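*Asks:* Quick one: the structure is below, questions incoming.
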Amino acid sequence: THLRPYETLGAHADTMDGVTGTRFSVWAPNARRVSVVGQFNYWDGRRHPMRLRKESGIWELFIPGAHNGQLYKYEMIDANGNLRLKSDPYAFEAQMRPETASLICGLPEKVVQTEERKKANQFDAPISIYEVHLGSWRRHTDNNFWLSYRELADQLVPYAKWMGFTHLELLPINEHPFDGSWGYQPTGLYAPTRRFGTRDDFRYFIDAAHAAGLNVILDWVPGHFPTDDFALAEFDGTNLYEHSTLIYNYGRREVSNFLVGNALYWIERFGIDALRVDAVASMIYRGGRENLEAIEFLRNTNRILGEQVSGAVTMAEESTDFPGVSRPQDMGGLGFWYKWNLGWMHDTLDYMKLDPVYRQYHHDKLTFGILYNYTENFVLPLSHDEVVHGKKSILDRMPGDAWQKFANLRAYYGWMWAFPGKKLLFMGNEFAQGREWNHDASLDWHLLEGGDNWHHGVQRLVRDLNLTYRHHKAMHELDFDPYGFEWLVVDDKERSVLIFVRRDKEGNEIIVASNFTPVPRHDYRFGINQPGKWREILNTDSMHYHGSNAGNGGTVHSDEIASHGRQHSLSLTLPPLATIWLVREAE
């Protein structure tokens, strides 16, 4: 039960032979006197003293007439004689602002993983993630109030579903004190933020997401140690959870049990399908420089969180290029199923910013990603971190006038959805919000008001990308197998045209062609592998999406004309600032 401390620690309802109440448990080994304060005790630690246990440093005391709903805390004297109040680190629901108090309640029943939810996480499944920050996706009209978990369930889920995303990724719902930290500075690792309702309201939200066919990825912050409200620092009087700014002591058994246990809690008690660790670099460093303790924690978490609940997966964002981040432990280390391709994002965004005319000298920004795509199982991401603090919105990075800005954006999205790697896109990007993300406001849905505009067209493209991406195995079955990708034209630098093929296990391929200048290319010939009839299945230049509606009109047959070292080629019209996808038509 070291794996599941939360199943015995904290506050749970019991029965001392006909007598019911809730049993408390806290791990403050040193301490020096610890009592249960709360509504039940009229808040008097001088009435319910807990009985220690040196064998496990765990204190405990059963209290009859101590039912759920009752608020409470802990009263103790530091191992150094200091009187203090502590919020149960294993609080499953907490009262943040109001003086900070834990809430008695059970453990959410228990969610069994379905065969379908597991399969959605697999390396050969189409995985398109909609990243959201629950306190700023949408706000109530006049009030400017937060939607609840129930409302979000009624609105965010169906929306994510309709838009074609396979996963919903929530920035930290950990109970945290400041909106502005986005949830990466917690105070309650086991309690869903109260800003949107109850822990049961939240459970409902995940349930709703699954009933809609969506897997939920929860941002997990085992790398951010509580730095607020003296939440975890110098517990029991001494550096209980952290080392002697502040950082966890992953070496300390119980501390690791707390974290590993918390990752098991979310998945089993709430049904979460995946956990994502951020800033793994800051965990593995700051081995000469390597915090070999944390590096060992992650490996174990993934090993355990791989034996205990197979089906769930883990992903991580690692700034440096730590080797094998998403590779087997019995080799590289860490062992995350997936890793965020920050490098790809930096290269492709650096390229889209370029003046179309200068893109011939940085062609390598789009072709490089391929050389190291087989080193990690990547997730191409366009997240919240890239549209804040002056980085701008993705749309604003695009060059040129209106039409050109959107066309660049759409062409980019077209490239992203076809490039090797799963996909992740933060809320607001789908409808090309112009302003940077503001966690303190709604998402500017106003741009999508009255009259079809460019924003509607971009939103229309994202959905089409998602639905086309899924459906065709070629675009998502072999992301991690070199057989799934091959260049048709990797060197047309002077015209900024790049063509490549995607291939599934069956050997069926889909042609991907991108033109990165506003110059339309007609009769553009290139070698192909499977001659016959080819038809566009996606064209970001479509009048739909507000493009100039240029392209190839329903079915172009290849010719036996050598090109690009190949026998047989196509010769197509490559729309300006746009990418198209073609599929072969059986005869």
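Residue numbers start at 1 in each chain; chains themselves are named A, B, ... in the order of the structure tokens; ligands are numbered from 1 in the order shown.
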Mind checking which residues fall within 7 Å of residue A:269, counting only C-alpha atoms, ignoring those fewer than 4 positions away in the same chain, and posting them as a VMD selection string?
*Replies:* chain A and resid 107 to 111 265
*Asks:* Using N, CA, C and O atoms, can you export the residues from the last selection as a compact mmCIF listing (two decimals), in the first residue's frame?
*Replies:*
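Written output follows (part.txt):
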```txt
# COMPACT_ATOMS: atom_id res chain seq x y z
N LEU A 107 -12.91 8.82 -0.80
CA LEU A 107 -12.03 8.66 -1.93
C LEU A 107 -13.03 8.49 -3.06
O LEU A 107 -14.01 7.76 -2.90
N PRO A 108 -12.83 9.18 -4.19
CA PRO A 108 -13.82 8.97 -5.24
C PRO A 108 -13.87 7.47 -5.47
O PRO A 108 -12.83 6.81 -5.47
N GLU A 109 -15.07 6.93 -5.64
CA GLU A 109 -15.23 5.50 -5.83
C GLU A 109 -14.02 4.83 -6.47
O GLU A 109 -13.11 4.42 -5.75
N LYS A 110 -14.00 4.72 -7.79
CA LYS A 110 -12.87 4.09 -8.48
C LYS A 110 -13.20 3.80 -9.92
O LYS A 110 -14.18 3.12 -10.23
N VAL A 111 -12.35 4.31 -10.81
CA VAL A 111 -12.55 4.17 -12.24
C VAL A 111 -11.70 3.09 -12.89
O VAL A 111 -10.47 3.11 -12.80
N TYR A 265 -3.50 7.81 -7.74
CA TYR A 265 -4.76 8.37 -7.24
C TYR A 265 -5.59 8.97 -8.39
O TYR A 265 -6.72 8.54 -8.64
```
*Asks:* For residue A:194, work out the shell of residues within 10 Å, counting only C-alpha atoms and skipping chain neighbours fewer than 6 positions away, then give it as a list in words.
*Replies:*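 Skipping anything fewer than 6 positions along the chain leaves residues 93, 94, 95, 96, 148, 149, 173, 174, 175, 176, 201 and 202 of chain A.
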*Asks:* Can I get the selected residues back with N, CA, C and O atoms, as a PDB file, in the first residue's frame?
*Replies:*
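Output (again-v4.pdb):
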```pdb
ATOM      1  N   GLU A  93     -10.111  17.333  -0.965  1.00  0.00           N
ATOM      2  CA  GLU A  93     -10.881  18.508  -1.350  1.00  0.00           C
ATOM      3  C   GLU A  93     -10.453  19.529  -0.304  1.00  0.00           C
ATOM      4  O   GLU A  93     -10.395  19.212   0.885  1.00  0.00           O
ATOM      5  N   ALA A  94     -10.128  20.742  -0.734  1.00  0.00           N
ATOM      6  CA  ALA A  94      -9.663  21.741   0.212  1.00  0.00           C
ATOM      7  C   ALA A  94     -10.304  23.119   0.117  1.00  0.00           C
ATOM      8  O   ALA A  94     -10.858  23.501  -0.915  1.00  0.00           O
ATOM      9  N   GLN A  95     -10.207  23.852   1.224  1.00  0.00           N
ATOM     10  CA  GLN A  95     -10.715  25.216   1.352  1.00  0.00           C
ATOM     11  C   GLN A  95      -9.501  26.156   1.293  1.00  0.00           C
ATOM     12  O   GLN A  95      -8.886  26.472   2.317  1.00  0.00           O
ATOM     13  N   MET A  96      -9.162  26.579   0.076  1.00  0.00           N
ATOM     14  CA  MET A  96      -8.026  27.468  -0.191  1.00  0.00           C
ATOM     15  C   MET A  96      -8.013  28.802   0.576  1.00  0.00           C
ATOM     16  O   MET A  96      -7.558  28.865   1.724  1.00  0.00           O
ATOM     17  N   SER A 148     -18.336  26.231 -14.352  1.00  0.00           N
ATOM     18  CA  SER A 148     -18.060  25.183 -13.371  1.00  0.00           C
ATOM     19  C   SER A 148     -17.605  23.909 -14.087  1.00  0.00           C
ATOM     20  O   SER A 148     -17.470  23.889 -15.312  1.00  0.00           O
ATOM     21  N   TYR A 149     -17.368  22.848 -13.318  1.00  0.00           N
ATOM     22  CA  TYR A 149     -16.957  21.568 -13.888  1.00  0.00           C
ATOM     23  C   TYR A 149     -18.158  21.003 -14.603  1.00  0.00           C
ATOM     24  O   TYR A 149     -18.025  20.324 -15.619  1.00  0.00           O
ATOM     25  N   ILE A 173      -5.005  21.087 -12.248  1.00  0.00           N
ATOM     26  CA  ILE A 173      -6.238  21.365 -11.520  1.00  0.00           C
ATOM     27  C   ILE A 173      -5.953  21.215 -10.020  1.00  0.00           C
ATOM     28  O   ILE A 173      -6.852  21.335  -9.185  1.00  0.00           O
ATOM     29  N   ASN A 174      -4.684  20.952  -9.695  1.00  0.00           N
ATOM     30  CA  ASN A 174      -4.228  20.842  -8.311  1.00  0.00           C
ATOM     31  C   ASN A 174      -4.871  22.012  -7.603  1.00  0.00           C
ATOM     32  O   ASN A 174      -5.092  23.063  -8.220  1.00  0.00           O
ATOM     33  N   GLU A 175      -5.176  21.865  -6.321  1.00  0.00           N
ATOM     34  CA  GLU A 175      -5.720  23.016  -5.643  1.00  0.00           C
ATOM     35  C   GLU A 175      -4.504  23.927  -5.464  1.00  0.00           C
ATOM     36  O   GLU A 175      -3.476  23.497  -4.945  1.00  0.00           O
ATOM     37  N   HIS A 176      -4.591  25.159  -5.957  1.00  0.00           N
ATOM     38  CA  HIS A 176      -3.500  26.111  -5.795  1.00  0.00           C
ATOM     39  C   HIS A 176      -4.109  27.439  -5.379  1.00  0.00           C
ATOM     40  O   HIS A 176      -5.282  27.686  -5.643  1.00  0.00           O
ATOM     41  N   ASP A 201     -17.783  17.105  -8.563  1.00  0.00           N
ATOM     42  CA  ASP A 201     -18.197  17.848  -9.739  1.00  0.00           C
ATOM     43  C   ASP A 201     -17.131  17.594 -10.790  1.00  0.00           C
ATOM     44  O   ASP A 201     -17.444  17.408 -11.970  1.00  0.00           O
ATOM     45  N   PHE A 202     -15.868  17.586 -10.347  1.00  0.00           N
ATOM     46  CA  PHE A 202     -14.711  17.352 -11.224  1.00  0.00           C
ATOM     47  C   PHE A 202     -14.713  15.936 -11.781  1.00  0.00           C
ATOM     48  O   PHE A 202     -14.473  15.724 -12.977  1.00  0.00           O
TER      49      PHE A 202
END
```
*Asks:* Given only C-alpha atoms, how would the per-residue table for stretch 175-280 of chain A near stretch 42-59 of chain A read, listing every residue at most 12 Å away with its closest atom pair and distance in Å to one decimal, sorted by chain and number, as a Markdown table?
*Replies:*
```
| residue | atom | partner | partner_atom | distance |
| --- | --- | --- | --- | --- |
| A:236 | CA | A:57 | CA | 10.3 |
| A:240 | CA | A:57 | CA | 11.3 |
| A:253 | CA | A:56 | CA | 11.3 |
| A:254 | CA | A:56 | CA | 9.7 |
```
*Asks:* For residue A:401, which of A:373, A:332, A:323, A:518 is the closest residue, counting only C-alpha atoms?
*Replies:* A:518
*Asks:* Would you compute the distance between atom CA of residue A:487 and atom CA of residue A:318? Give it in Å to one decimal.
*Replies:*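 Between these atoms lies a distance of 28.4 Å.
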